[PDB]
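You are given structure tokens for the same protein chain in two forms, set apart as structure 1 and structure 2.
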Structure 1
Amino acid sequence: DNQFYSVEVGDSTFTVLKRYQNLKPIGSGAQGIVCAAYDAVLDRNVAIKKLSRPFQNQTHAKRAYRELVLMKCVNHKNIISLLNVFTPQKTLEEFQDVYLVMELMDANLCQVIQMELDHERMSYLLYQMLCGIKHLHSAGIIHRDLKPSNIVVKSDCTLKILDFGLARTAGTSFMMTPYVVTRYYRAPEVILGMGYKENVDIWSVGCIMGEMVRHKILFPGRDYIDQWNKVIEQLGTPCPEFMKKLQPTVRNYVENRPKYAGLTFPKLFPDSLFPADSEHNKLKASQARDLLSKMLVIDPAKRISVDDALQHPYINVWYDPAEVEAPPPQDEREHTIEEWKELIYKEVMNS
């Protein structure tokens, strides 16, 4: 339409409503390309993400669809809120591309992770992640795949989570895919198919926190086997009560491995990794390790809750009940490509 215009961006074309001006690439990911733009209607800077033919892959289709639907089920400053959703195509038959628009953020969390460790920044970033997760949980959404690639940050250290994680059933049966999926941030109970509760998400917060300290991914498994091995190498073989919760076939798989004692948290995260040379810095290194030791707990029956993390002395200087308790607003079958296409098209057309 006359309502759209096209901009060349590397290999791609962004065909966007004319309100969006001065497009500039940010970059690309598994789920689309992103540009910054000025929105002349709102008089503010936005990020625009293009989803190309998401209906052509069942995993991509389900993600796009569930994320359009769940967008309306949350309302919190630490979770994505779309300003606009559109397609330049005019009929179901011609439909190919979805464009999502939100507030422009300044950086990916990975860029912050690369910066020198600072307790005020790390604690504030973790506090916001935990506020977001708590909000998701109150809306009935237990994420199970929180990772730095879906977290963005502004220059004022404010943070947003951009995705809603896994289908409800994921983590209720053993995880190995026909191809590589990375699972560096997924909880033990999920990857082993044990079922899960809310504190499944605390594991992933612990992975992120640890990564902030080390500047390195904690458990970078090459495949599902190596993933588990990176975990037990560092944290130790889990307790028999945890093994007893495994389906017998899974239990044999898990136990047919070396037995590890695990390393203490001071060895996992040495003093040298933290700011030194003041009582404040010594105490904060101790509190950070304490919190790490409570989140990076293989057995979810022994792992800290979201509320306990929020109330931990490392985090709680930021605690504001208006942020922590902000309330959310008042179907996962499989489908063919054509079914997914229509479902997604209908969601786009209706908001």
Structure 2
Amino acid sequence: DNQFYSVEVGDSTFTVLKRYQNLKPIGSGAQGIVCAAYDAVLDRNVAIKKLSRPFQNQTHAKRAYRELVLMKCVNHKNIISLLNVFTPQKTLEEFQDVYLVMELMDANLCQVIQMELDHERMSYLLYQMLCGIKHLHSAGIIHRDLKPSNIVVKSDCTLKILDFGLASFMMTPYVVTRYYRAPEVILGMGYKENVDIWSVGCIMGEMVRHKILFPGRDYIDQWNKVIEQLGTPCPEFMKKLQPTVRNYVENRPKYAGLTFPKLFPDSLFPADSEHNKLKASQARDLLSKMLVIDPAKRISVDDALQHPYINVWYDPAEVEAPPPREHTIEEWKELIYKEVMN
């Protein structure tokens, strides 16, 4: 009779359509609680994310709304696509929660980073991240907050980016991961498309090192890790900084920066075959072009895709895919509800 049923998953109640059976928790990426389920209508496994009262504050509201809208502005195999969107509540007055449904993936990228991967798997994951970012850029979306916890993969090495990045205070206990953010985001500079290349560089570097490249309590410690490893940026970079941040940056101790063979030694890559010796030099060369502080000198998405380490996967069909304010709680609730009801 009723088209919904309720189940307790962890500490959260999931009220879902009856088509979704055998709900099991599969973690929390960023914006909510996520379950694996069997979809009896599509005869396939799915992942279901619950957004609880997303209109409760500005931060949750802005993100929930912009991601509901942006899903319809994208259509690419390396970017999240929803199978379903629903609410069990019947009216705007009763409206509480949003449920998002997508295909069930096999792991988060954080899990994948911890494994020893061959060059074929690493270059294919990076290639897909680049195809996904190029698709976003072509749709007018510059991410600025790409990180492994928002990236999922299947056993066949297939990859999807789950979020749309940056558009502020959280009263909840969950903290933000800033380690993959570009110097332009760290230093409040103004940016272009290749702001996302830095994040790809941070991910690739961590795949090789098995340690976060630029950790820190906040941007102070993080900036120190950047300059310790890559060296103090050029005076040409300094000129593009706002006066106060420029004074801060110019007054930090000056660092020469370590070379890329020192940063990513031969021991981190397989040295068995001539094939792997060459792939190691190409991987390090790509790292040296992505992990560059000054965006005027960092490689573009299009040049990264033409790089010999990545280009082996290049497919025009996968790269040339045709691309199609402040509010109160009350206002955000209706904006979100309207997107949910379409």
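Residue numbering: structure 1 sequence, from 1. Shifts are known only where both forms have a C-alpha. Rigid core (definition): largest C-alpha set, two forms, superposition within 1.5 Å.
J.: Core fitted between structure 1 and structure 2: which of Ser81, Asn252, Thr182, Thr264 shows a C-alpha shift of 2 angstroms or more?
T.: It is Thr182; the other listed residues stay below 2 Å.
J.: Rigid core aligned, does the Cα position of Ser28 differ by 2 Å or more between structure 1 and structure 2?
T.: The answer is yes; the displacement is at least 2 Å.
J.: If you line up the core, how far does the Cα of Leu117 move between structure 1 and structure 2, in Å?
T.: The alpha-carbon displacement, core-superposed, is 2.8 Å.
J.: Taking the rigid core as the frame, how far in Å does the Cα of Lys230 move between structure 1 and structure 2?
T.: Here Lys230 registers a C-alpha shift of 1.0 Å.
J.: State the core-superposed CA shift for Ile344 between structure 1 and structure 2, in Å to one decimal.
T.: Its C-alpha position differs by 0.7 Å.
J.: Considering only residues modelled in both forms, extract each run of at least three consecutive residues whose CA displacement is 2 Å or more throughout between structure 1 and structure 2 after core superposition, in sequence order.
T.: Runs shifting 2 Å or more: 28-30, 173-182.
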